[PDB]
């Protein structure tokens, strides 16, 4: 029927490889013709196992050489602004993973380049908005079935088994810290659910569970309490040392009923009875938890390019969530309350 979109991908790591698989196997109206990474094994895997034509170690070279309509940026956070700016100037439609970046000026310039190319689609990586459970809860809230929102609590905690791959991820490039890396999703959800902005942050951090993270300037746990512009209160917890699995939980406490999303991170529909009692095995990664969400958001992006429609989640939503996460980290660093400026 219609000519499929020609696409390229930067990054083939923890999330990169999942996006690449979906891009080849699951996404309609797209052909992944080029891949870029600094790891030679990942590039060989992209070529031989996935059937991607051309591989690159230089992303600028790829954009300069390849005939592509859209690009997927799944490289580390510090590279996001420069990679996006380069692709936007080349005339490309951009899907960039969260966060937008780390430096405020680098993000602002990125935002300026995006706004100057309105004919090109820019989409961020807040996948939890596409997840069926979060949507279902949002629909309940929008219906008035829990009254007015009083309080929201967000958990985002990786399991102990993920300490090796996170360390590599954080050693090789700045992640922005626990609040920026873990809590940013929850920050967007709170903004989405309430329609309000945080005006004050109290952040506390911890290395009790993993003291060796101090060596690389990381905190194992980040706990933040937020005050919103409308009176709603919030707690955010990011962590890396859960024993059961990947905990991703959102609690929305209303004036007339509550909802809890992902109270237990159940793997499947199987209840196990053993010498421990009654067990529910848990999901061990964010990727297995949000696999469908990752697929649906990317399909949405491809559809956005074809139709010529910008995503509901704006650049400003990415900036605001980043500034808030930074504020929580600032609060912990300085040991003071931080009034959020947006």
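Numbering follows the first chain given and starts at 1.
The stretch 97-105 shows the higher mean C-alpha B-factor when 97-105 is compared against 250-258 in the entry.
Look at the C-alpha B-factors of 146-154 and of 172-180. On average they run higher in 172-180. When the modelled residues of the chain are ordered by C-alpha B-factor, residue 116 sits in the highest third. Placement of the Cα temperature factor of residue 203 within the chain: lowest third of the modelled residues, per the deposited record. Per-chain ranking of the deposited C-alpha B factor places residue 29 in the highest third. Per the deposited record, the Cα B-factor of residue 139 falls in the middle third when ranked against the other modelled residues of its chain.
Split the chain's modelled residues into thirds by C-alpha temperature factor. Residue 89 is in the middle one.
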